[PDB]
Amino acid sequence: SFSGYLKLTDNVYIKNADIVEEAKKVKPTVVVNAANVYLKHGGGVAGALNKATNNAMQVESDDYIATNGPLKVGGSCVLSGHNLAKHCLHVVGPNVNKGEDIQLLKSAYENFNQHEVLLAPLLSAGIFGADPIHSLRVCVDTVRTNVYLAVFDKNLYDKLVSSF
Ligand SMILES: O=C(O)[C@H](CC1CC1)Nc1ncnc2[nH]ccc12
């Protein structure tokens, strides 16, 4: 059900789209969230996905943290996708703005290999502070399963395609 994506490699496709709108239309098996270790979904992709679930994602996430404690930077957990997808894979890329190691970005993308097909954002981009060109390069060099990347900003999408 994914449509309008540009093919970058055998397994990586990209589109200029709002990942929330894309999840509502497609209802994928897995949507990836750009999470933090506490699963506090305040802003960016996490805030937008959570708002679209009417805060059900945050209620489920607070119960997960109360039981299990925080995730690691580079780690992930599988929770419900609520009204957006079957599952949500919450993946923690390093936040440069908070001083986290950029080498952990490859470990973060390795989580995608546990799922056959995913709708995802570029990890560590936006308010996480990493260079999005670098994030797309690490994605294409790490993920082996089928990943459909939604890039929100039009100008960034054009820059990523032309420089690939
Ligand atoms: O458009 C995106 O998909 C990302 C993440 C954002 C959607 C949460 N945006 C950006 N990422 C890196 N540098 C940027 N400069 C301006 C925008 C921008």
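Computed from the coordinates by the stated procedures, all read-outs in this text should not be read as laboratory data. No Cβ is skipped: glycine too gets one built from the backbone with ideal geometry, and neighbour counts run over all protein chains shown.
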Query raised in the report: Applying the Karplus parametrisation 6.51 cos²θ - 1.76 cosθ + 1.60 with θ = phi - 60° to the phi angles of region 83-98, what ³J(HN,Hα) value in whole Hz is obtained for each residue in order, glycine and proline being reported as x?
Result: 7, 9, 6, 5, 10, 10, 8, 7, 10, 9, x, x, 9, 4, 5, 8
Report summary line: Phi-derived 3J(HN,Hα) across region 150-164 with the Karplus relation (6.51, -1.76, 1.60, θ = phi - 60°), rounded Hz, x for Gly and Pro, is 9, 10, 5, 7, 4, 5, 5, 3, 4, 5, 5, 5, 5, 9, 5
Report task. Let me know the charge dipole size of region 6-161 about its Cα centre in debye, to the nearest 20, where only the beta-carbon of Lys, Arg (+1) and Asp, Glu (-1) is charged. Result -> 240 debye
Query raised in the report: Looking at the square roots a ≥ b ≥ c of the eigenvalues of the Cα gyration tensor of region 47-105, which shape do they give, rounded for a/c under 1.5, prolate if a/b is larger than b/c, or oblate?
Result: prolate
Report task. Tabulate in residue order the Karplus-calculated ³J(HN,Hα) for region 64-71, using 6.51 cos²θ - 1.76 cosθ + 1.60 with θ = phi - 60°, rounded to whole Hz; enter x for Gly and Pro. Result -> 4, 5, 4, 7, 10, x, x, 6
Query raised in the report: In percent, what relative contact order does region 6-161 have, based on Cα pairs under 8 Å that are 6 or more apart in sequence?
Result: 31 percent
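Rounded, prolate or oblate: which one fits region 66-149, using the alpha carbon gyration tensor with axes a ≥ b ≥ c (rounded when a/c is under 1.5, else prolate when a/b beats b/c, else oblate)?
Values: a/c = 1.72, a/b = 1.16, b/c = 1.49.
Taking the square roots of the gyration eigenvalues as a ≥ b ≥ c, region 66-149 is oblate.
So what's Rg/Rh here for the chain, counting alpha carbon atoms and using the Kirkwood radius for Rh?
0.93
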Report summary line: Residues whose modelled amide H sits under 5 Å from the amide H of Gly81, counting only those 5 or more places away in sequence or on another chain, are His87, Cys88
Report summary line: Sorted by chain and then number, the residues having a modelled amide H within less than 5 Å of the amide H of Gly75, at least 5 places away or on another chain, are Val92
Query raised in the report: Counting DSSP beta bridges with both partners in region 6-161, what percentage is antiparallel, nearest 5?
Result: 30 percent
